[PDB]
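In structure tokens, the next block holds one chain alone, the form deposited in one PDB entry.
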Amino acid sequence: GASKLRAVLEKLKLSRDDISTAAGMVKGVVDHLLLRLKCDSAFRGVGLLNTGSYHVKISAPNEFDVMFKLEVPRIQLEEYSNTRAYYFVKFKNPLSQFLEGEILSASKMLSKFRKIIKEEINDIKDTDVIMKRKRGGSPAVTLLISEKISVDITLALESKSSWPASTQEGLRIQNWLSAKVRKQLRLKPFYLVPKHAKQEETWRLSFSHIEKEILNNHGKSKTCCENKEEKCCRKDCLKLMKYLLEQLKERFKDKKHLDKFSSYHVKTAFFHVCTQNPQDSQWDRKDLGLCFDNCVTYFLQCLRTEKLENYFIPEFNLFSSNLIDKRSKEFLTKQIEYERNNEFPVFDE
């Protein structure tokens, strides 16, 4: 049981250099775009947000996520219709061209963003890239690099203001990472990505920079995982949870039953389990089997109760029916429940 999970992690390490070399060209292309974008007055202050293990984030087997941040001077937010996560953007400048009255148009800003990138990909066709526009608005643009590697590029407005009121009861890390750290983290900027709600000129809050920071400095002890005496299995548990969902989606690709589920749901439930299990002694590497069952069991509870709170916006249920069919949640409950009750045969060789 424990050795089966260690074998999965060892197998996942086998592609460590196939995803390290892929991201090395993603970073090549992305820095190419970052300059062209800086020639435009609206995106002059654009920069790469630190969101991944490489600016380059990996959320799939071999497909990448990159965010472009844009320092937007003092912003005023108006919450869209009690959604707690979707907002209109206003001011109190080079983004003047994108207003529709007092509101910043996301679709307008997004469109010029695309026009700039589709020209850069096509003009220097001397680099083998094309782009397929996905449906979310986030991701803004998807680039296929040599018909194998995929990179999602997200535009995001940076606000150095205090976090909006919907987050004031979120980031419940006080018993785990401390109140000192929670105060430090909430003095950092927050981001807004163009996302329509289910359509409008709305923006959605994003804290992927905070997520990376609490994954890479994840212990109650400041020296967690910096020496042989303090090796926890937090990151391994999150890896196995992502891989469990990835493998299940493959198995049920015949009907795409599980297509509404995302590694973000798995990552969100894993942060709630860290809150629930705050001591590094609850994540001792030798207890991997038990720590993974703790993660799986909480995710099942979320599926069965149809409630997975956003870690930063607790009134935003990622598992609400507005977002995910009741039939799909019940489906995945049954499949994860089977996997757990039988020592995860999806991990068999």
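Under this definition, the rigid core comprises the largest set of C-alpha atoms superposing within 1.5 Å between the forms. Numbers follow the displayed sequence, beginning with 1.
Another form exists, deposited in another entry; not displayed. Remarks below refer to it.
Listed options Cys237, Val129, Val273, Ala140; Cα moving by 2 angstroms or more between the shown form and the other one (core superposition): Of all the options, the C-alpha that shifts by at least 2 Å belongs to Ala140.
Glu330 C-alpha relocation of at least 2 Å between the shown form and the other one, rigid core basis: No, the C-alpha position differs by under 2 Å between the shown form and the other one.
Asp18: Cα shift of 2 Å or greater between the shown form and the other one (core-aligned): Result for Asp18: yes, a 2 Å-plus shift.
In the other entry, shift in Cα separation for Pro139 relative to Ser105, 3 Å or more: Their C-alpha distance shrinks by at least 3 Å in the other entry.
Sense of the change in Cα distance from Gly137 to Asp40 in the other entry - at least 3 Å versus the shown form: Farther: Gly137 and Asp40 separate by 3 Å or more in the other entry.
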